[PDB]
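# Fold and geometry: a report
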Amino acid sequence: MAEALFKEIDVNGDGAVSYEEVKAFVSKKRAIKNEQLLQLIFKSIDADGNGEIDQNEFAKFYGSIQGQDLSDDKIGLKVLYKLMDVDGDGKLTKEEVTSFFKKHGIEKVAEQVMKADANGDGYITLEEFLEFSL
Ligand SMILES: [Ca+2]
Ligand SMILES: [Ca+2]
Ligand SMILES: [Ca+2]
Ligand SMILES: [Ca+2]
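Each chain carries its own residue count, running from 1 in the order of its written sequence; this scheme can depart from the entry numbering, and residues that have no coordinates do not appear. Chains and ligands are labelled sequentially in the order written, the chains with letters from A and the ligands with numbers from 1. By convention in this description, side-chain values take in all heavy atoms of the structure and omit both hydrogens and water.

For this deposited structure, the header cites solution NMR as the method used.

Where each domain starts and ends follows an automatic or database-derived domain assignment. What the domain assignment lists for the protein chain is domain 1 (1-63) and domain 2 (64-113). Taking only C-alpha atoms into account, the centre of domain 1 sits 27 Å from that of domain 2. Contacts are assigned to residue pairs with any non-hydrogen atoms lying within 4.5 Å of each other. Every contact between the two is made by 9 residues of domain 1 and, on the other side, 7 residues of domain 2. Here's the idea: put two parts together, see how much 1.4 Å probe accessible area each one loses, and the total over both is what we call buried area. When domain 1 packs against domain 2, the two sides together hide about 600 Å² of surface, and 48% of this comes from carbon and sulfur. What counts as a salt bridge is simple: a side-chain nitrogen of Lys or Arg found within 4 Å of a carboxyl oxygen of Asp or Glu. Applying the counting criterion to the domain 1 and domain 2 interface returns 0 salt bridges. Pairs of N or O atoms within 3.5 Å make up the polar contacts considered here, provided that, within protein, one atom can donate a hydrogen while the other can accept it, and that residues adjacent in sequence are counted only when both atoms are side-chain atoms. Across the contact surface, domain 1 and domain 2 share 1 residue pair in polar contact. Contributing elements (two or more residues each) for the side of domain 1 that touches domain 2: α3 (34-45) and α4 (55-63). Only DSSP runs of H or I reaching four residues or more are called helices, and only runs of E reaching two or more are called strands; each is numbered from the N terminus. The leading source of residues in the side of domain 1 that touches domain 2 is α4, at 4 residues. Here the term charged refers only to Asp, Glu, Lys and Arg, the term nonpolar to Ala, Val, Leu, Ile, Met, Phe, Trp, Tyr, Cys and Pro, and the term polar to all other amino acids, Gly among them. Its residues assigned to classes, the side of domain 1 that touches domain 2 shows 4 nonpolar, 2 polar and 3 charged.

Attention now goes to the UniProt feature "binding site: Ca(2+) 4" in the protein chain. UniProt positions are given in the numbering used here, feature names are shortened, and annotations may be inferred rather than shown by experiment. Those residues carrying the UniProt feature "binding site: Ca(2+) 4" are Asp 117, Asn 119, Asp 121, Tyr 123 and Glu 128 in this numbering. Mapped onto the fold, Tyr 123 is located in strand β4 (residues 123-125). If we skip the residues at most four places from it in the chain, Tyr 123 touches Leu 92, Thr 93, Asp 117 and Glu 128. In this fold, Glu 128 is placed in helix α8 (residues 126-133). When its relative accessible area of 36% is taken as the criterion, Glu 128 is described as partly exposed. Only protein chains enter the accessibility calculation, which uses a 1.4 Å probe. A residue is then buried if its area is under 20% of the maximum for its type, exposed if over 50%, and partly exposed in between.

On to the coordination of the calcium ion (ligand 4), then. Metal donors: N, O and S atoms at distances within 2.8 Å, or within 3.2 Å for Na, K and Ca, with water omitted from the atom set so that some sites may seem incomplete. Distances from the calcium ion (ligand 4) to its protein donors, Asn 119 (OD1), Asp 121 (OD), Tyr 123 (O), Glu 128 (OE) and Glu 128 (OE), fall at 2.7 to 3.1 Å. The motif formed by the donor residues of the calcium ion (ligand 4), counted along the single chain, is N-x1-D-x1-Y-x4-E. The class for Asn 119 is exposed, based on a relative accessible area of 51%.

Examined against the element boundaries, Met 114 turns out to sit in helix α7 (residues 108-116). Here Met 114 falls in the partly exposed class, since its relative accessible area comes to 43%. Sequence spacing of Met 114 and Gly 76 is 38 residues, and the spatial spacing of their C-alpha atoms is 21 Å.

Here we come to the packing of helix α2 (residues 19-27) against α3. Between N-to-C directions, angles span 0 to 180 degrees; the directions come from axes that are lines fitted to C-alpha atoms, helices contributing only their stretch in contact. Axis separation between α2 and α3 bottoms out at 10 Å; the angle between their running directions is 125°. Put simply, α2 runs oblique to α3. For α2 against α3, the interelement crossing comes out right-handed. In this structure, α2 contributes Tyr 19, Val 22, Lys 23, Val 26 and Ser 27 to the contact, and α3 contributes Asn 34, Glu 35, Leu 38, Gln 39 and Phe 42. Residue composition of the contact of α2 with α3, by class: 5 nonpolar, 3 polar and 2 charged. Geometric relationships in this document are graded by angle, where less than 35 degrees denotes roughly parallel, more than 145 denotes roughly antiparallel, 65 to 115 denotes roughly perpendicular, and other angles denote oblique. With the far helix as reference, a near helix turned anticlockwise by less than a right angle produces a left-handed crossing, and one turned clockwise produces a right-handed crossing.

Next comes the structure, spelled out in structure tokens:
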């Protein structure tokens, strides 16, 4: 119900979203400076700059720009990781990620995780983990 959401939020029921409407939409999720973050995204998708977008721009906006595999997998990834992490660190490492994932048997995750982290530090955070997908 992606669209149903876009139209839903649009109490007006016209078939278009705005900066405030979208702000509220995402806001419904969290409040990690969605105002600014969004402002950036919006302006990104918004080529003209009417300050308002439509279901189309909204759909493309939901992802990022021009590329989306499975956002649900992303939100679900953070959700899970958030569920597991009961220590309350907010951050994770390649050893911890591989340690937990290893349970599954997919070590490749360590390879993709190691390649993803082209820093050499050997650690990552939730913010970096999310933005990493973006
Ligand atoms: Ca509207
Ligand atoms: Ca627009
Ligand atoms: Ca942790
Ligand atoms: Ca890192």
